[PDB]
Structures are given as structure tokens and as C-alpha cells.
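Asks: Would you mind keeping the following structure in view while I ask a few things?
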Amino acid sequence: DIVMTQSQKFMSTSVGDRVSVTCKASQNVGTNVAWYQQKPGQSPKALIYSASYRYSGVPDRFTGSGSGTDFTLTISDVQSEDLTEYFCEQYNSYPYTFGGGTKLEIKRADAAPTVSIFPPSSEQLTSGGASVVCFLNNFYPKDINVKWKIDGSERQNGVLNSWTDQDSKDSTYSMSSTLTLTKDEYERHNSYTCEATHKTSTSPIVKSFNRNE
Amino acid sequence: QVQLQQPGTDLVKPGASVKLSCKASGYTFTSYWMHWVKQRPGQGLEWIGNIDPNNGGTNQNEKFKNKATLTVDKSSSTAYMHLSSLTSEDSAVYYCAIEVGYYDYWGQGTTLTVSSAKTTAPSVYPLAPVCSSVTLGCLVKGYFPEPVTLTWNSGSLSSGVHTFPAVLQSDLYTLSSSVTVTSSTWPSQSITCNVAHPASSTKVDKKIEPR
Ligand SMILES: CCC(=O)N(c1ccccc1)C1CCN(CCc2ccccc2)CC1
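Protein chains in written order, with the entry's author numbering: chain B, 1 to 213; chain A, 1 to 131, 137 to 216.
So this is what it looks like as C-alpha cells:
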């Protein structure tokens, strides 16, 4: 089978720049190469066919070049909306084969997280669970330290964190952090704190509540 | 308008067989080759094969030779992919795709989960703030299999939304979603998370109310 190699898993760039993603075929494929864009959780969208021809409706910021074994997708005037995965594919001979994909990544200005803490809902308490949820939204860069405290004591057991991909509107990151307790554990303490350190500040962002309010 | 309709969700036991369908409309079904593509959790794309609906002729990736069979039903304009002796390695999104003129068209994909764990409906909890802009939340806890669909005000509320990837905890998934609006908007106007889990025939709306 023909092997398509996209050697870069990740490629950093800034908005307005030009960026080039490469693909090397293991044997000659003529110009019978296609490029695709994939938004997280969506079907692929074809950008280029026959190495250099845009499918209709594709912005002309996307161009393709190459023939034989070396193929390049170039994106001019990069924007937040281009934060997707890009795949090359050869359709010169069966079986058609894809490259492993390249993720774009955008350097932008630093931004502090907006932090929100949520006590268990009354409905959840009726069923015997207690989840405390903390959102840390629209920050940059990706590095962030989240810490939970209960009654002034650090809590690590039962915390689960989930990160969005870099945002296609503003190139920021967001994160959820969920502390899952039993109802008995929740009712056995009073103060619950989600706290975050991030390079935008010299002091943690602290959001807190008391169960008995 | 060219459209390819795929069922969104299929959960099956290991060792079973499944028949995935792709229903076409808006063009002459027999005039265009149908392609099938596999995409595994957090992985790349694999071409499975294509089929000529006019005569049933197929080209298949040999990787899937004893796994997949492609067929078509002319009279219902439907392409099928039969997968046999399923394993967890077959859990993936499966896409059907065509090119008509100079446009590509894709089905929305069937998320096939191969597992011996059981369909579980989620509990859906509204998250209001503690007692200039306010953030609300929606917690979707304890469901199987993926996916769930979550929207805000039936999709009309789309900006300021962050819906986070699900995480797995003891064979069940949990996700949450946040939405940020101006303090003059809520609670003066109504905001509701709509959560669908097709696998469990589950559709619920939780209005966010102040505590
Ligand atoms: C992964 C499936 C796949 O390989 N493709 C595909 C992509 C989207 C939807 C259906 C199939 C190829 C795309 C390029 N074409 C040849 C070029 C071309 C371009 C425009 C019109 C006609 C032909 C062969 C099939």
C-alpha cells in the first residue's frame, strides 16, 4: 500500500501568517492527491483535489502544490477558523490512503481564565450524588494549574478535568474540572474552593462557596 | 440538494454483525460511486472501499477483506456496509461520501460502539450560579455509549457556549457545558439546556433556575 506521511503532528503559527503542511508519498502518485479539513466532531470537508484544484466554495486562502511524491497545502492569512486537522490522501491507486493528519496551533496574546464554580444541583442531591463543577474559560496559553480545596484542605481524589480544543473563534482554551463526591461526603463539609494559577497573574484565581448558603 | 443520511448511533456486542446504512437523495443514485471511510476514536482516516451503485462493483481495502461487505439497494437509493465479527477495534465513526460535480458530500457518520457494557441513560442537571456577565452550566452525568447532543435554547443560543469532551469513569461517560450571557439577559429571559442521548431514547430539557 502507498504510505502518505505528514511528518508534523502539530504546527505552530500566528494569525495572518502563511503556513505550509507537507505530505510525502512512499511512491509516485502523480498529482492524484486530495486535502481535507476536519473540525472536531464533524465529517471531513474536501479542500483540494488533483494536488492544486480547490473544490468549489473553498476559500482561496487554501492552495495546493506538488507532484510525484512531495505535496504541500499552504494556508495564507491564517485565522482562528482554520484551527482544525488537515489530512492528505492519495487516490492514484487502490487502496486510497490517508496521511496521519496535522493539527494547526495559533500563538495569540495571553488571556486570563474566567472562573465559575457550581454547587451540586438540588436535583442531583435528591438522587444521592454530589458533583461540584468548575469552568475555566477562554484562557491562553494552554498551561494552567487547577486545585480543589474542601474545608481548607487540598482535594485530589475524585477530580476529573476535560479540555476543549483551541477555540475556532478566538484561539483560546477552556477547561472544566469536576469534583465528584457522595452526598454524605458533600454534606460533611462546608467550604468548597476551585482555584487556578496561570501565567497571566501573580496570584491564584479563587472561586468558593459554602454549602449552607 | 445532495444529502447522505446515516443513523447516528449503533451499540453492539463483541462478535455480533451490523449493517450500516447510507440513504441518498438529491441526485441520480446510480451515476456516482459511493465511498466508505473509517475514523477511530482520536485517530486518522482510513478508506474502506467504494461501490458502483449501477452494477454493485466494489474496490475494497484488503485490510478489511474479511470484515466489510459493501452492497447497494437501487430501489431505495441506499448503500450498506456489513461488518462481521465485531471487536473493540471496530469501534469508530463510519462515513459514506460522494462527489457530485465539483462538490463533495458526506454523511454525518455512524458512531459504532462495540462493547459488552449496557446502554445507560444520563442524568441531566441544571447548574445555576452560587447564591456584568453570568455563566450557567449543564452537567450530563453517567451515560453510555457516546454520543450525546447538547444544545442551548434548542440551538438558538450558540455563542458563548463551551461544551467539553466527555470523560470515561467506570464504564460511564460524563460531560458538561457552559454558557455565558450578559447579566441583563438572565434570569430575565429563559435559558434551557437540551440534551439528547439517542441510544437510550432520551431527550430532556433542563431550564436553569436561580437557587
Ligand atoms: C475519501 C474518499 C475519496 O478518496 N474521495 C472522495 C472525497 C469526497 C467525497 C467522495 C469521495 C476522492 C476525492 C477525489 N476524487 C477524484 C478527484 C475528483 C474531484 C472532483 C470531482 C470528481 C473527481 C476521487 C475520490
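Think of the CB as a built atom: it goes at the ideal place given N, C-alpha and C, for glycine as much as any other residue.
According to DSSP, what are the bridge partners of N210/B?
Replies: Your numbering for residue 210/B matches position 210 in the first sequence. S191/B.
Asks: Would you give the residue range spanned by the beta strand (DSSP E) that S122/B belongs to?
Replies: Against the first sequence, residue 122/B aligns to sequence position 122. Where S122/B is concerned, there is no enclosing beta strand (DSSP E), although the alpha helix (DSSP H) it sits in stretches over 122 to 127.
Asks: Give me the Cα-Cα distance between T140/A and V184/A, rounded to the nearest whole angstrom.
Replies: Here residue 140/A is taken as the residue at index 135 of the second sequence, counted from 1. Here residue 184/A is taken as the residue at index 179 of the second sequence, counted from 1. Straight-line Cα distance between these residues: approximately 6 Å.
Asks: What do you reckon, are the CB atoms on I75/B and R61/B nearer than 8 Å?
Replies: Within the first sequence, residue 75/B is the residue found at index 75, counting from 1. Within the first sequence, residue 61/B is the residue found at index 61, counting from 1. Cβ atoms of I75/B and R61/B: closer than 8 Å.
Asks: What does DSSP give as the partner residues of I98/A in its beta bridges?
Replies: Numbered from 1 along the second sequence, position 98 holds the residue referred to as residue 98/A. Per DSSP, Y105/A.
Asks: Once the 5 residues before and after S137/A are set aside, which same chain residues still bring their CB inside 8 Å of it?
Replies: On the second sequence, position 132 is the one that residue 137/A refers to. Around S137/A: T187, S188.
Asks: Report yes if the C-beta of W47/A is less than 7 Å from at least one heavy atom of ligand 1; otherwise report no.
Replies: Here residue 47/A refers to the residue found at position 47 of the second sequence. It does: the Cβ of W47/A is within 7 Å (strictly closer) of some heavy atom of ligand 1.
Asks: What did DSSP end up calling residue 134/A once you bin it into helix, strand or coil?
Replies: Within the gap of chain A, which runs from 131 to 137, lies residue 134/A, and it has no coordinates in the structure.
Asks: Would you check whether ligand 1 has a heavy atom nearer than 7 Å to the C-beta of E85/B?
Replies: Taking the first sequence and counting its residues from 1, one reaches residue 85/B at position 85. For ligand 1, not one heavy atom lies less than 7 Å from the Cβ of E85/B.
Asks: When you measure from the CB of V78/B to every non-hydrogen atom of ligand 2, does any distance come out below 7 Å?
Replies: Of the ligands one can find in the structure shown, namely ligand 1, none is ligand 2.
Asks: Does any CB atom of chain B fall closer than 8 Å to the CB of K146/A?
Replies: What you label residue 146/A is simply residue 141 of the second sequence in a count that begins at 1. Yes, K146/A counts as interfacial toward chain B.
Asks: Would you report the Cα separation of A68/A and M81/A, rounded to the nearest angstrom?
Replies: In the second sequence, counting from the first residue as 1, residue 68/A sits at position 68. In the second sequence, counting from the first residue as 1, residue 81/A sits at position 81. Approximately 6 Å between the Cα atoms of the pair.
Asks: Can you check DSSP and say which residues form a bridge with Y125/A?
Replies: Along the second sequence, one-based indexing puts residue 125/A at 125. According to DSSP, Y125/A bridges with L144/A.
Asks: If we call anything under 8 Å between Cβ atoms a contact, is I48/A one with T58/A?
Replies: As a position in the second sequence, residue 48/A is number 48, starting the count at 1. As a position in the second sequence, residue 58/A is number 58, starting the count at 1. Contact flag unset, no.
Asks: Report whether the distance from the Cβ of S50/B to the nearest heavy atom of ligand 1 is below 7 Å.
Replies: The residue you call residue 50/B lines up with position 50 of the first sequence. Flag set: Cβ of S50/B near ligand 1.
Asks: Under 8 Å between the Cβ atoms of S177/B and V206/B?
Replies: Taking the first residue of the first sequence as 1, we reach residue 177/B at position 177. Taking the first residue of the first sequence as 1, we reach residue 206/B at position 206. Taking 8 Å as the Cβ cut-off, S177/B and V206/B do not qualify as a contacting pair.
Asks: Beta-carbon of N212/B versus every beta-carbon of chain A: anything under 8 Å?
Replies: Along the first sequence, read from residue 1 onward, the residue named residue 212/B stands at position 212. Not one chain A Cβ lies under 8 Å of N212/B.
Asks: By DSSP, does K169/B sit in helix, in strand, or in coil?
Replies: The residue given as residue 169/B occupies position 169 in the first sequence. Coil at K169/B, not helix or strand.
Asks: Less than 8 Å between the beta carbons of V93/A and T119/A, yes or no?
Replies: Taking the first residue of the second sequence as position 1, residue 93/A is located at position 93. Taking the first residue of the second sequence as position 1, residue 119/A is located at position 119. No, they are not a contact pair.
Asks: When the Cβ atoms of the region 192 to 199 of chain A are set against those of the region 147 to 159 of chain A, are three or more pairs found closer than 8 Å?
Replies: yes
Asks: Closest to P40/B by C-alpha separation, out of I213/A, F64/A, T168/A, would be which residue?
Replies: Residue 40/B sits at position 40 when you count from the first residue of the first sequence. Cα-wise, what sits closest to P40/B is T168/A.
Asks: Just checking my contact of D70/B with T22/B at CB under 8 Å: how many whole Å lie between their CB atoms?
Replies: Sequence index remark: in the first sequence, residue 70/B carries index 70 (1-based). Sequence index remark: in the first sequence, residue 22/B carries index 22 (1-based). Correct: roughly 7 Å between the Cβ atoms.
Asks: What residues in the region 167 to 180 of chain A have a beta carbon less than 9 Å from any beta carbon of chain B?
Replies: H167, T168, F169, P170, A171, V172, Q174, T179, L180
Asks: Report, in whole angstroms, the separation of the C-beta atoms of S91/A and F29/A, which I expect to be a contact under 8 Å.
Replies: If you number the second sequence from 1, residue 91/A lands on position 91. If you number the second sequence from 1, residue 29/A lands on position 29. Not really, about 29 Å apart at Cβ, beyond 8 Å.
Asks: Verify whether the separation of the beta carbon atoms of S17/A and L86/A is less than 8 Å.
Replies: Your numbering for residue 17/A matches position 17 in the second sequence. Your numbering for residue 86/A matches position 86 in the second sequence. Cβ distance < 8 Å, so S17/A and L86/A count as in contact.
Asks: Throw me the rounded Cβ distance for the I2/B and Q42/B pair, which I believe falls under 8 Å.
Replies: Numbered from its first residue, the first sequence carries residue 2/B at position 2. Numbered from its first residue, the first sequence carries residue 42/B at position 42. That pair is no contact at about 27 Å.
Asks: Does DSSP classify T179/A as helix, strand or coil?
Replies: As a working note, residue 179/A is residue 174 in the second sequence. DSSP places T179/A in strand when its eight states are reduced to three.
Asks: Scan the region 100 to 112 of chain A for residues whose Cβ lies nearer than 9 Å to a Cβ of chain B and list them as they occur along the chain.
Replies: Along the region 100 to 112 of chain A, going in chain order, the ones with a CB nearer than 9 Å to a CB of chain B are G101, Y102, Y103, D104, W106, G107, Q108, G109.
Asks: For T185/A, which of helix, strand or coil comes out of DSSP?
Replies: Walking along the second sequence from the start, residue 185/A turns up at place 180. The answer is strand: DSSP assigns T185/A an E or B state.
Asks: Closest Cβ-Cβ distance between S191/B and chain A: below 8 Å?
Replies: Position 191 of the first sequence holds residue 191/B. Chain A contact via Cβ: absent.
Asks: Let me confirm a value: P152/A is counted as buried when at least 16 other C-beta atoms fall within 10 Å, else exposed. Which label applies?
Replies: For the purposes of this step, residue 152/A is taken as residue 147 along the second sequence, with counting starting at 1. With 16 or more Cβ atoms within 10 Å of its Cβ, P152/A is classed as buried.
Asks: Evaluate the contact criterion for the region 23 to 42 of chain A versus the region 136 to 152 of chain B: three or more CB pairs, one atom per stretch, below 8 Å.
Replies: no
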